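Undergrad: Input: one structure, supplied below.
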Amino acid sequence: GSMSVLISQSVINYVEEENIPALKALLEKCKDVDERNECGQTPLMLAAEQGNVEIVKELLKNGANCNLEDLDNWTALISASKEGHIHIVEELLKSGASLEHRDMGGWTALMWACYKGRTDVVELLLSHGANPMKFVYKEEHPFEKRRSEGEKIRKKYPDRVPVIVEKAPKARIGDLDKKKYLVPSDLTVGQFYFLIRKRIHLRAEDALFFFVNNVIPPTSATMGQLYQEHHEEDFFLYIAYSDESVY
């Protein structure tokens, strides 16, 4: 690692200088194109803000993982979307960049594009399906690891849907011993409320709220319907639970 930051920086220098031949020559000698600078940023993330699509294409061609995040949970897609680099955004989406990843502030790439008035980027992101608290499971496992697990679960147990359930930040309620659930698609949201309440060992007077994508799901919906509406791109459905203290 004594050299890792230096090699990362030399890559970033050729990105910033937009020196494609020197960049390609160095990348043919790097054992990891995603080696991070001293702030945990990958060359792809810096190229995404720079705005040269050919640099981005070369990095992706050499194996750059567009779903990596820095210490602010920022991604290449959020950088390109904030700066309005429409062709970079398109290349990242083609490589499988997650649309709904949020930065440390809770903002997605679409929210950044709207904030900055990036008209074409907004249309592109919506065209690819962008939807118009941080889960420990999401924060502590890289996106593509989670996506492989979710795809495995969808293949092996097609009658059921995978759900991650976690307690909302600083809620006056007991904790769950297990966070991973696999439930029949025709189980209703109400039945799932009851299952989670039983696992937390609550009294009938103790309130329990569910939140998915910051909204309360109707109890008459099935978990399969909720999943089809709300599942993330790692193929997990994420539900936060709390008592009234979160209000």
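Undergrad: Using the structure shown, select from 134/178; 178/198; 94/155; 57/94; 138/178; 138/180 the pairs with a Cα to Cα distance greater than 19 angstrom.
TA: Values: 134/178 17 Å; 178/198 13 Å; 94/155 23 Å; 57/94 11 Å; 138/178 15 Å; 138/180 12 Å.
In this structure, 94/155 lie more than 19 Å apart at Cα.
Undergrad: Which of the three applies to the range 4-127, rounded, prolate or oblate, going by the alpha-carbon gyration tensor with a ≥ b ≥ c and a/c under 1.5 meaning rounded? The partial results should precede the final answer.
TA: Numbers: a/c = 2.10, a/b = 1.61, b/c = 1.30.
Cα axes put the range 4-127 in the prolate bin.
Undergrad: On to the next question. List the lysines whose alpha-carbon lies under 18 Å from that of residue 116, not counting same-chain residues fewer than 8 positions away?
TA: Correct list for residue 116: 82.
Undergrad: Counting only other residues whose beta carbon sits under 10 Å from that of residue 163, what net charge do I get with K and R as +1, D and E as -1?
TA: Numbers: positive: 160, 179, 180; negative: none.
Here the count lands on +3.
Undergrad: Could you pull out every one of the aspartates and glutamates with an alpha carbon less than 16 Å from that of residue 29, ignoring same-chain neighbours closer than 8 positions?
TA: 58
Undergrad: Right, another one. Net charge around residue 87, counting only other residues with Cβ within less than 12 Å of its Cβ (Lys, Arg = +1; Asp, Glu = -1)?
TA: Working: positive: 57, 94; negative: 54, 83, 90, 91, 120.
Charge balance in the 12 Å sphere: -3.
Undergrad: How much net charge surrounds residue 192 when only the other residues with a Cβ under 13 Å from the Cβ of residue 192 are counted, with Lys and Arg +1 and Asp and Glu -1?
TA: Details: positive: 160, 197, 198, 199; negative: 186.
Counting the neighbours of residue 192, the net charge comes to +3.
Undergrad: I would also like to ask the following. Mind checking which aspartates and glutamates have their C-alpha under 15 Å from residue 61, skipping anything on the same chain fewer than 8 residues away?
TA: Result set, ordered by chain and number: 28, 32, 34, 90, 91.
Undergrad: With the crude spin-label approximation of a point 7 Å out along Cα→Cβ, what separation in nm comes out for residue 245 versus residue 119?
TA: 5.0 nm
Undergrad: When a footprinting reagent is the concern and you count Cβ atoms within 10 Å, what order do 165, 212, 136 take, fewest first?
TA: On the way: 165 21, 212 18, 136 11.
Going from sparsest to densest Cβ surroundings: 136, 212, 165.
Positions of Cβ are backbone-derived with ideal geometry, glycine not excepted, and every protein chain shown enters the neighbour counts. Each value in this text was obtained by applying a stated rule to the coordinates, not by laboratory testing.
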